[PDB]
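Before any questions on how it binds or moves, here is one chain, the form solved without platensimycin (PMN), in structure tokens.
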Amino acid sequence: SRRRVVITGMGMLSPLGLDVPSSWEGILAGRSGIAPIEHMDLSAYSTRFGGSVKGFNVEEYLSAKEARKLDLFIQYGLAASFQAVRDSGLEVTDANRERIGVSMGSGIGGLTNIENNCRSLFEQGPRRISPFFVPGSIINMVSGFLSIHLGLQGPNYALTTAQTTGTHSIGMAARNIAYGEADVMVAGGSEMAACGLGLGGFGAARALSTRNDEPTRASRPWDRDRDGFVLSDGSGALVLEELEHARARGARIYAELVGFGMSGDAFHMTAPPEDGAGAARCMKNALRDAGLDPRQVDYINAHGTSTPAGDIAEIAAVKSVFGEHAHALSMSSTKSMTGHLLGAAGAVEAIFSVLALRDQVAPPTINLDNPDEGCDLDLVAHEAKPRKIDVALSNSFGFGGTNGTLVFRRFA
């Protein structure tokens, strides 16, 4: 048998806001976080816009000296994690610290730091590389620094599954709790790939929208005029907690995490199969894990990247899984507003899925002006849709054909 897992704390940096409530207010208002990138010369570049975190103050969390040791993606992960642990009210003690762990991941990790240290290395040789280069750049240092700061002695690890990172991180943390390896996990992801290497790297693969004239219309999932994803920065963290542990301390419980699915497409390094076969197996795995019939799903937070092939595969996968229920559920891409946070996408989208349950509202797919061929589902075009939501899925489908699905349910 298996223990139940609930969400008792959430934390976020996104292009819409420096916490969950500010971000969620923007999501329900259909506001875009996408703008031309600043203090960084994107002249030789075909994409000059994205989703930046605006006005982040790391000294609310860390001393300036400790912050100087850490890449932005680690700072962002620690901010979301500290927010989530505060939001949970949990008190870490000698009696429970071995039962509290961390799984915060990243898809690309410390590109800004690597870039800045390449500058030193090429211009002056190795003796100018920062002594903190390695520990301040490696993906597991959000989990590492958080564990050291809060005294967490539970399972300590980090996933890196590209654009699926946040989803897998939360799912595998839920497994730790369900199977009794921890009572509490801080789980999610962070990303800051807006450097020459990130915009250049995706740009060289012609993966990005080049809609420089209208950055806020660039992210348009399922719209016939879409032309690739929008690169975005930030972090999401959830406090996952065993149910009896949450009830014993009088925790506020947002939602229950009832299902986790994983699959591999085994198809292509970057492109999904046209029919979304692996995304369909992953959703069916998640529903089987939750003991739920596809008919019980009310809301899907899509991967919805605004790539031609990705968006159409997800429609095919939902029609395949849900059959005569596929039009009854609501499915929206919050990437229409946030852009694509890569490894943090799944983390912030799990939070939006939990808030859809709390507030009984499907967030919009903004910019869905002209649905493409076959995109005839309820994709919540333009404006938020109050409706009944008992069961909410969050999907992530990333490079290497790696898929994740989380199933959340209302808790009462």
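We number the residues from 1 along the sequence you see. Rigid core here is just the name for the largest C-alpha set that superposes within 1.5 Å across the two forms.
Enquirer: Do you reckon 347-355 or 35-43 strays further from the shown form in 8 other deposited structures of this protein, measuring C-alpha RMS after a core fit?
Expert: Once the core is superposed, the stretch further away in 8 other deposited structures of this protein is 35-43.
Enquirer: Determine, for stretches 38-46 and 375-383, which one has the higher mean CA B-factor as deposited.
Expert: So the stretch with the higher mean C-alpha B-factor is 38-46.
Enquirer: Mean C-alpha B-factor higher for 387-395, or for 10-18?
Expert: Between 10-18 and 387-395, it is 387-395 that shows the higher mean C-alpha B-factor.
Enquirer: Between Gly151, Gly101, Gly236, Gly196, where does the Cα B-factor run highest in the record?
Expert: Among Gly151, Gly101, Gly236, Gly196, the highest C-alpha B-factor in the entry belongs to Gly196.
Enquirer: Would you mind checking which of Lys335, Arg206, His168, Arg281 has the top Cα temperature factor in the PDB entry?
Expert: That would be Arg206, according to the entry.
Enquirer: With respect to C-alpha B-factor, does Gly30 fall in the lowest, middle or highest third of the chain as deposited?
Expert: As the PDB entry reports it, the C-alpha B-factor of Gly30 lands in the highest third of its chain.
Enquirer: What third of its chain, lowest, middle or highest, does the C-alpha temperature factor of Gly51 fall into?
Expert: Tercile = middle for this residue's CA B-factor.
Enquirer: Looking at the entry's B-factor column for C-alpha atoms only, identify whether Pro135 ranks in the lowest, middle or highest third of its chain.
Expert: Middle third.
Enquirer: Can you tell me which third, lowest, middle or highest, the CA B-factor of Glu59 falls into for its chain?
Expert: Tercile = middle for this residue's CA B-factor.
Enquirer: Grab the CA temperature factor for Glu324 from the record and place it in the lowest, middle or highest third of its chain.
Expert: Its C-alpha B-factor belongs to the highest third of this chain's values.
Absent from the display: the form deposited with platensimycin (PMN) bound. The rest refers to it.
Enquirer: Is every one of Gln163, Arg206 and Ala271 within 4.5 Å of platensimycin (PMN) in the deposited complex, counting heavy atoms?
Expert: Each of the three qualifies.
Enquirer: Using 4.5 Å between non-hydrogen atoms, is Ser143 touching platensimycin (PMN) in the deposited complex?
Expert: No.
Enquirer: Any of the heavy atoms of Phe397 lying within 4.5 Å of platensimycin (PMN) in the deposited complex?
Expert: Answer yes; at least one heavy atom of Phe397 falls within 4.5 Å of platensimycin (PMN) in the deposited complex.
Enquirer: Heavy atoms within 4.5 Å of platensimycin (PMN) in the deposited complex: does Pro221 have any?
Expert: Although platensimycin (PMN) is absent here, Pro221 would stay clear of it in the deposited complex, with no heavy atoms inside 4.5 Å.
Enquirer: May I ask you to check whether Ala309 falls inside a 4.5 Å heavy atom distance of platensimycin (PMN) in the deposited complex?
Expert: Contact with platensimycin (PMN), yes.
Enquirer: For a quick check, can you give me the residues of 12-47 that have a heavy atom within 4.5 Å of platensimycin (PMN) in the deposited complex?
Expert: Result: empty, none.
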